[PDB]
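Okay, my_file-v9.pdb is below, PDB, C-alpha atoms (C1' of nucleotides):
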```pdb
ATOM      1  CA  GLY A 376     175.530 -66.366  54.507  1.00  0.00           C
ATOM      2  CA  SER A 377     173.345 -63.198  54.299  1.00  0.00           C
ATOM      3  CA  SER A 378     170.878 -61.194  52.087  1.00  0.00           C
ATOM      4  CA  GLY A 379     173.810 -59.477  50.183  1.00  0.00           C
ATOM      5  CA  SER A 380     172.344 -55.920  50.546  1.00  0.00           C
ATOM      6  CA  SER A 381     169.836 -53.980  52.749  1.00  0.00           C
ATOM      7  CA  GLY A 382     168.484 -52.303  49.515  1.00  0.00           C
ATOM      8  CA  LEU A 383     167.349 -55.656  47.951  1.00  0.00           C
ATOM      9  CA  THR A 384     163.632 -56.584  47.274  1.00  0.00           C
ATOM     10  CA  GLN A 385     164.419 -60.137  48.578  1.00  0.00           C
ATOM     11  CA  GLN A 386     166.066 -61.850  51.623  1.00  0.00           C
ATOM     12  CA  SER A 387     167.987 -64.862  53.024  1.00  0.00           C
ATOM     13  CA  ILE A 388     166.152 -68.264  52.878  1.00  0.00           C
ATOM     14  CA  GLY A 389     165.780 -68.547  56.703  1.00  0.00           C
ATOM     15  CA  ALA A 390     161.959 -68.907  56.532  1.00  0.00           C
ATOM     16  CA  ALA A 391     161.264 -71.969  54.251  1.00  0.00           C
ATOM     17  CA  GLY A 392     160.927 -75.417  55.903  1.00  0.00           C
ATOM     18  CA  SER A 393     159.932 -73.609  59.163  1.00  0.00           C
ATOM     19  CA  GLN A 394     156.449 -73.331  60.817  1.00  0.00           C
ATOM     20  CA  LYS A 395     156.743 -70.352  63.273  1.00  0.00           C
ATOM     21  CA  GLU A 396     153.468 -68.354  63.602  1.00  0.00           C
ATOM     22  CA  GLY A 397     153.927 -64.536  63.242  1.00  0.00           C
ATOM     23  CA  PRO A 398     152.759 -61.857  65.780  1.00  0.00           C
ATOM     24  CA  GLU A 399     149.244 -60.285  65.982  1.00  0.00           C
ATOM     25  CA  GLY A 400     148.100 -59.035  62.514  1.00  0.00           C
ATOM     26  CA  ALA A 401     151.403 -60.253  60.890  1.00  0.00           C
ATOM     27  CA  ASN A 402     150.331 -63.905  60.179  1.00  0.00           C
ATOM     28  CA  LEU A 403     148.650 -64.757  56.806  1.00  0.00           C
ATOM     29  CA  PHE A 404     146.523 -67.548  55.296  1.00  0.00           C
ATOM     30  CA  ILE A 405     146.713 -68.195  51.503  1.00  0.00           C
ATOM     31  CA  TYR A 406     144.296 -70.506  49.567  1.00  0.00           C
ATOM     32  CA  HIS A 407     143.961 -71.876  45.933  1.00  0.00           C
ATOM     33  CA  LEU A 408     147.764 -72.587  45.499  1.00  0.00           C
ATOM     34  CA  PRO A 409     149.255 -75.110  42.963  1.00  0.00           C
ATOM     35  CA  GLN A 410     149.743 -78.706  44.289  1.00  0.00           C
ATOM     36  CA  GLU A 411     153.514 -78.602  43.417  1.00  0.00           C
ATOM     37  CA  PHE A 412     154.060 -75.219  45.245  1.00  0.00           C
ATOM     38  CA  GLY A 413     156.755 -75.387  48.014  1.00  0.00           C
ATOM     39  CA  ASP A 414     157.738 -73.339  51.109  1.00  0.00           C
ATOM     40  CA  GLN A 415     160.466 -71.488  49.109  1.00  0.00           C
ATOM     41  CA  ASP A 416     158.012 -70.680  46.235  1.00  0.00           C
ATOM     42  CA  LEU A 417     155.563 -69.064  48.723  1.00  0.00           C
ATOM     43  CA  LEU A 418     158.520 -67.169  50.291  1.00  0.00           C
ATOM     44  CA  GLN A 419     159.815 -65.812  46.923  1.00  0.00           C
ATOM     45  CA  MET A 420     156.167 -64.933  45.980  1.00  0.00           C
ATOM     46  CA  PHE A 421     155.694 -62.839  49.211  1.00  0.00           C
ATOM     47  CA  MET A 422     159.306 -61.395  49.490  1.00  0.00           C
ATOM     48  CA  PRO A 423     158.421 -57.990  47.788  1.00  0.00           C
ATOM     49  CA  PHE A 424     156.018 -56.890  50.614  1.00  0.00           C
ATOM     50  CA  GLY A 425     158.469 -56.972  53.627  1.00  0.00           C
ATOM     51  CA  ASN A 426     160.701 -59.137  55.874  1.00  0.00           C
ATOM     52  CA  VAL A 427     159.394 -62.735  56.380  1.00  0.00           C
ATOM     53  CA  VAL A 428     160.035 -64.798  59.568  1.00  0.00           C
ATOM     54  CA  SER A 429     158.492 -68.107  58.298  1.00  0.00           C
ATOM     55  CA  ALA A 430     156.690 -69.244  55.077  1.00  0.00           C
ATOM     56  CA  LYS A 431     154.977 -72.613  54.502  1.00  0.00           C
ATOM     57  CA  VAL A 432     152.680 -74.420  52.019  1.00  0.00           C
ATOM     58  CA  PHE A 433     150.664 -77.173  53.775  1.00  0.00           C
ATOM     59  CA  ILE A 434     152.000 -80.496  52.357  1.00  0.00           C
ATOM     60  CA  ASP A 435     150.317 -83.926  52.766  1.00  0.00           C
ATOM     61  CA  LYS A 436     152.604 -86.184  54.895  1.00  0.00           C
ATOM     62  CA  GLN A 437     151.402 -89.276  52.874  1.00  0.00           C
ATOM     63  CA  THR A 438     152.185 -88.111  49.255  1.00  0.00           C
ATOM     64  CA  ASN A 439     154.335 -84.905  49.562  1.00  0.00           C
ATOM     65  CA  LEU A 440     151.720 -82.865  47.536  1.00  0.00           C
ATOM     66  CA  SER A 441     150.250 -79.458  48.549  1.00  0.00           C
ATOM     67  CA  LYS A 442     146.633 -79.234  49.858  1.00  0.00           C
ATOM     68  CA  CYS A 443     146.281 -75.856  47.930  1.00  0.00           C
ATOM     69  CA  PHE A 444     146.663 -73.746  51.167  1.00  0.00           C
ATOM     70  CA  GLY A 445     149.643 -71.989  52.837  1.00  0.00           C
ATOM     71  CA  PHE A 446     150.903 -69.398  55.343  1.00  0.00           C
ATOM     72  CA  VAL A 447     153.337 -66.434  55.690  1.00  0.00           C
ATOM     73  CA  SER A 448     154.652 -64.802  58.912  1.00  0.00           C
ATOM     74  CA  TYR A 449     155.961 -61.199  58.694  1.00  0.00           C
ATOM     75  CA  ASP A 450     157.899 -59.415  61.493  1.00  0.00           C
ATOM     76  CA  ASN A 451     155.171 -56.653  61.481  1.00  0.00           C
ATOM     77  CA  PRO A 452     151.432 -56.247  60.558  1.00  0.00           C
ATOM     78  CA  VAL A 453     151.871 -53.496  57.855  1.00  0.00           C
ATOM     79  CA  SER A 454     153.913 -55.865  55.590  1.00  0.00           C
ATOM     80  CA  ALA A 455     151.234 -58.594  56.060  1.00  0.00           C
ATOM     81  CA  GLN A 456     148.390 -56.103  55.270  1.00  0.00           C
ATOM     82  CA  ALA A 457     150.332 -54.878  52.173  1.00  0.00           C
ATOM     83  CA  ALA A 458     150.637 -58.545  51.029  1.00  0.00           C
ATOM     84  CA  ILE A 459     146.812 -59.083  51.463  1.00  0.00           C
ATOM     85  CA  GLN A 460     146.284 -55.896  49.391  1.00  0.00           C
ATOM     86  CA  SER A 461     148.748 -57.153  46.681  1.00  0.00           C
ATOM     87  CA  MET A 462     148.012 -60.958  46.548  1.00  0.00           C
ATOM     88  CA  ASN A 463     144.242 -61.367  47.212  1.00  0.00           C
ATOM     89  CA  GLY A 464     142.909 -62.135  43.665  1.00  0.00           C
ATOM     90  CA  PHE A 465     146.386 -62.972  42.161  1.00  0.00           C
ATOM     91  CA  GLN A 466     145.899 -65.257  39.098  1.00  0.00           C
ATOM     92  CA  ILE A 467     148.216 -68.338  38.917  1.00  0.00           C
ATOM     93  CA  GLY A 468     148.023 -71.327  36.478  1.00  0.00           C
ATOM     94  CA  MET A 469     144.251 -71.017  35.707  1.00  0.00           C
ATOM     95  CA  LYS A 470     142.826 -69.836  39.123  1.00  0.00           C
ATOM     96  CA  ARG A 471     142.864 -66.860  41.613  1.00  0.00           C
ATOM     97  CA  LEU A 472     144.483 -66.877  45.097  1.00  0.00           C
ATOM     98  CA  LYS A 473     142.476 -65.963  48.227  1.00  0.00           C
ATOM     99  CA  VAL A 474     144.557 -64.179  50.969  1.00  0.00           C
ATOM    100  CA  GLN A 475     143.744 -62.881  54.501  1.00  0.00           C
ATOM    101  CA  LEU A 476     144.939 -62.856  58.161  1.00  0.00           C
ATOM    102  CA  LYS A 477     145.315 -66.381  59.682  1.00  0.00           C
ATOM    103  CA  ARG A 478     142.738 -68.048  62.024  1.00  0.00           C
ATOM    104  CA  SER A 479     143.663 -68.504  65.742  1.00  0.00           C
ATOM    105  CA  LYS A 480     141.999 -68.792  69.222  1.00  0.00           C
ATOM    106  CA  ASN A 481     141.000 -65.383  70.752  1.00  0.00           C
ATOM    107  CA  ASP A 482     137.668 -66.260  72.510  1.00  0.00           C
ATOM    108  CA  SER A 483     135.823 -68.585  74.980  1.00  0.00           C
ATOM    109  CA  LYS A 484     132.397 -70.349  75.384  1.00  0.00           C
ATOM    110  CA  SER A 485     130.104 -71.807  78.135  1.00  0.00           C
ATOM    111  CA  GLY A 486     130.660 -75.408  79.436  1.00  0.00           C
ATOM    112  CA  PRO A 487     127.163 -76.879  80.208  1.00  0.00           C
ATOM    113  CA  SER A 488     124.475 -76.487  77.470  1.00  0.00           C
ATOM    114  CA  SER A 489     121.434 -77.595  79.614  1.00  0.00           C
ATOM    115  CA  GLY A 490     121.613 -75.196  82.670  1.00  0.00           C
TER     116      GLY A 490
ATOM    117  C1'   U B   1     141.375 -81.707  50.266  1.00  0.00           C
ATOM    118  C1'   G B   2     139.464 -74.335  54.538  1.00  0.00           C
ATOM    119  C1'   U B   3     143.797 -72.344  58.512  1.00  0.00           C
ATOM    120  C1'   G B   4     151.951 -74.032  59.783  1.00  0.00           C
ATOM    121  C1'   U B   5     151.062 -81.344  60.274  1.00  0.00           C
ATOM    122  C1'   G B   6     155.491 -84.598  58.569  1.00  0.00           C
TER     123        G B   6
END
```

Please render this file's structure as structure tokens.
Amino acid sequence: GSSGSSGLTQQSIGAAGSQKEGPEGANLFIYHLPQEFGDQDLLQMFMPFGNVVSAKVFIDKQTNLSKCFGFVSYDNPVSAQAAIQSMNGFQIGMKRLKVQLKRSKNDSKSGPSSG
RNA sequence: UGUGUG
């Protein structure tokens, strides 16, 4: 299987059901999603902005429902930035999506607080 | 029910 053409606005479904975190500036955090939204829905939503390595809606392991937040990993930071610029404020159902770069460790702090 | 778990 393959994406059928290099001129297409879409790609192969090699990114849904995964969890791989994208490189620096290429990983996204999405918030205010529907509770029935899946990993393939978030992929097909973000497909137009570049090539996606991994796409995931955070699903509750107890009930199989979405927690209204998700993630998208591009192969480069310009496609991720273009998706922030296109999807931050996107109206869906009856509410607007919030979109930005993902949170991650990039800092350190002191051990003892008393001396 | 604010940051890729199952």

Can you turn the PyMOL selection byres ((chain A and resi 460-466) around 10) into a concrete residue list for this file, as number ranges by chain? A: 405-408, 420-421, 423-424, 454-459, 467-475

Would you list the contacts of residue A:452 as JSON, numbers by chain, taking every protein, DNA or RNA residue within 12 Å and counting all atoms listed in the file, but skipping same-chain residues closer than 6 positions in sequence? {"A": [397, 398, 399, 400, 401, 402, 403, 424, 425, 426, 427, 458, 459, 475, 476, 477]}

Which residue, A:394, A:488, A:429, A:481, has the smallest gap to residue B:6 when you use only C-alpha atoms (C1' of nucleotides)? A:394

Counting all atoms listed in the file, which residues from chain A have an atom at most 6 Å from any atom of chain B, and could you show them as a PyMOL selection string? chain A and resi 394+436+442+478

Using atom CA of residue A:446 and atom CA of residue A:395 as the two end points, give the distance in Å to one decimal.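 Computed distance, atom CA of residue A:446 to atom CA of residue A:395, equals 9.9 Å.
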
Report, in Å to a single decimal, how far apart atom CA of residue A:376 and atom CA of residue A:390 are.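 About the pair atom CA of residue A:390 and atom CA of residue A:376: they are 14.0 Å apart.
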
Atomic separation - atom CA of residue A:443 relative to atom CA of residue A:389, Å: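 Here the two named atoms are 22.6 Å from each other.
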
Which one is closest to residue A:447: A:409, A:392, A:435, A:490? Count all atoms listed in the file.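 Closest residue, counting all atoms listed in the file: A:392.
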
Around all the atoms of chain B listed in the file, with 6 Å of room on each side, what axis-aligned box do you get, giving centre and edge lengths in Å to one decimal, as AutoDock Vina command-line options?
```
--center_x 147.5 --center_y -78.5 --center_z 55.3 --size_x 28.0 --size_y 24.3 --size_z 22.0
```

As a PDB file, in the frame of the given file, the rebuilt stretch 386-409 of chain A with N, CA and C atoms:
```pdb
ATOM      1  N   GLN A 386     165.388 -61.554  50.355  1.00  0.00           N
ATOM      2  CA  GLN A 386     166.066 -61.850  51.623  1.00  0.00           C
ATOM      3  C   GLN A 386     166.709 -63.246  51.641  1.00  0.00           C
ATOM      4  N   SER A 387     167.471 -63.526  52.699  1.00  0.00           N
ATOM      5  CA  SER A 387     167.987 -64.862  53.024  1.00  0.00           C
ATOM      6  C   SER A 387     166.857 -65.898  53.194  1.00  0.00           C
ATOM      7  N   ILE A 388     167.092 -67.137  52.737  1.00  0.00           N
ATOM      8  CA  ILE A 388     166.152 -68.264  52.878  1.00  0.00           C
ATOM      9  C   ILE A 388     166.281 -68.883  54.284  1.00  0.00           C
ATOM     10  N   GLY A 389     165.869 -68.117  55.299  1.00  0.00           N
ATOM     11  CA  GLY A 389     165.780 -68.547  56.703  1.00  0.00           C
ATOM     12  C   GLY A 389     164.360 -68.865  57.173  1.00  0.00           C
ATOM     13  N   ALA A 390     163.393 -68.844  56.250  1.00  0.00           N
ATOM     14  CA  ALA A 390     161.959 -68.907  56.532  1.00  0.00           C
ATOM     15  C   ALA A 390     161.236 -70.118  55.908  1.00  0.00           C
ATOM     16  N   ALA A 391     161.832 -70.793  54.918  1.00  0.00           N
ATOM     17  CA  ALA A 391     161.264 -71.969  54.251  1.00  0.00           C
ATOM     18  C   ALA A 391     161.714 -73.273  54.923  1.00  0.00           C
ATOM     19  N   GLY A 392     160.764 -74.196  55.101  1.00  0.00           N
ATOM     20  CA  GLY A 392     160.927 -75.417  55.903  1.00  0.00           C
ATOM     21  C   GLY A 392     160.646 -75.201  57.395  1.00  0.00           C
ATOM     22  N   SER A 393     160.367 -73.963  57.807  1.00  0.00           N
ATOM     23  CA  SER A 393     159.932 -73.609  59.163  1.00  0.00           C
ATOM     24  C   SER A 393     158.401 -73.734  59.315  1.00  0.00           C
ATOM     25  N   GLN A 394     157.869 -73.277  60.449  1.00  0.00           N
ATOM     26  CA  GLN A 394     156.449 -73.331  60.817  1.00  0.00           C
ATOM     27  C   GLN A 394     156.056 -72.280  61.876  1.00  0.00           C
ATOM     28  N   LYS A 395     156.963 -71.356  62.227  1.00  0.00           N
ATOM     29  CA  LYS A 395     156.743 -70.352  63.273  1.00  0.00           C
ATOM     30  C   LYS A 395     155.599 -69.387  62.905  1.00  0.00           C
ATOM     31  N   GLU A 396     154.616 -69.243  63.793  1.00  0.00           N
ATOM     32  CA  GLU A 396     153.468 -68.354  63.602  1.00  0.00           C
ATOM     33  C   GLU A 396     153.859 -66.909  63.960  1.00  0.00           C
ATOM     34  N   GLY A 397     153.582 -65.956  63.061  1.00  0.00           N
ATOM     35  CA  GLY A 397     153.927 -64.536  63.242  1.00  0.00           C
ATOM     36  C   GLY A 397     153.064 -63.827  64.300  1.00  0.00           C
ATOM     37  N   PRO A 398     153.463 -62.616  64.746  1.00  0.00           N
ATOM     38  CA  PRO A 398     152.759 -61.857  65.780  1.00  0.00           C
ATOM     39  C   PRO A 398     151.384 -61.354  65.304  1.00  0.00           C
ATOM     40  N   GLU A 399     150.623 -60.738  66.215  1.00  0.00           N
ATOM     41  CA  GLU A 399     149.244 -60.285  65.982  1.00  0.00           C
ATOM     42  C   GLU A 399     149.137 -59.355  64.757  1.00  0.00           C
ATOM     43  N   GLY A 400     148.319 -59.758  63.775  1.00  0.00           N
ATOM     44  CA  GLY A 400     148.100 -59.035  62.514  1.00  0.00           C
ATOM     45  C   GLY A 400     149.189 -59.251  61.454  1.00  0.00           C
ATOM     46  N   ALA A 401     150.256 -59.996  61.769  1.00  0.00           N
ATOM     47  CA  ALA A 401     151.403 -60.253  60.890  1.00  0.00           C
ATOM     48  C   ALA A 401     151.441 -61.683  60.307  1.00  0.00           C
ATOM     49  N   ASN A 402     150.491 -62.541  60.691  1.00  0.00           N
ATOM     50  CA  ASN A 402     150.331 -63.905  60.179  1.00  0.00           C
ATOM     51  C   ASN A 402     149.227 -63.973  59.103  1.00  0.00           C
ATOM     52  N   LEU A 403     149.517 -64.653  57.987  1.00  0.00           N
ATOM     53  CA  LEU A 403     148.650 -64.757  56.806  1.00  0.00           C
ATOM     54  C   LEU A 403     148.256 -66.198  56.501  1.00  0.00           C
ATOM     55  N   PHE A 404     147.078 -66.338  55.895  1.00  0.00           N
ATOM     56  CA  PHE A 404     146.523 -67.548  55.296  1.00  0.00           C
ATOM     57  C   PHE A 404     146.273 -67.296  53.803  1.00  0.00           C
ATOM     58  N   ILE A 405     146.788 -68.197  52.968  1.00  0.00           N
ATOM     59  CA  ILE A 405     146.713 -68.195  51.503  1.00  0.00           C
ATOM     60  C   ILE A 405     145.984 -69.475  51.068  1.00  0.00           C
ATOM     61  N   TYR A 406     145.088 -69.383  50.086  1.00  0.00           N
ATOM     62  CA  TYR A 406     144.296 -70.506  49.567  1.00  0.00           C
ATOM     63  C   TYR A 406     144.171 -70.443  48.029  1.00  0.00           C
ATOM     64  N   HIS A 407     144.019 -71.609  47.387  1.00  0.00           N
ATOM     65  CA  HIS A 407     143.961 -71.876  45.933  1.00  0.00           C
ATOM     66  C   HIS A 407     145.352 -72.014  45.260  1.00  0.00           C
ATOM     67  N   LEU A 408     146.399 -72.371  46.017  1.00  0.00           N
ATOM     68  CA  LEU A 408     147.764 -72.587  45.499  1.00  0.00           C
ATOM     69  C   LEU A 408     147.864 -73.811  44.556  1.00  0.00           C
ATOM     70  N   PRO A 409     148.915 -73.898  43.712  1.00  0.00           N
ATOM     71  CA  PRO A 409     149.255 -75.110  42.963  1.00  0.00           C
ATOM     72  C   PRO A 409     149.608 -76.272  43.911  1.00  0.00           C
TER      73      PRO A 409
END
```
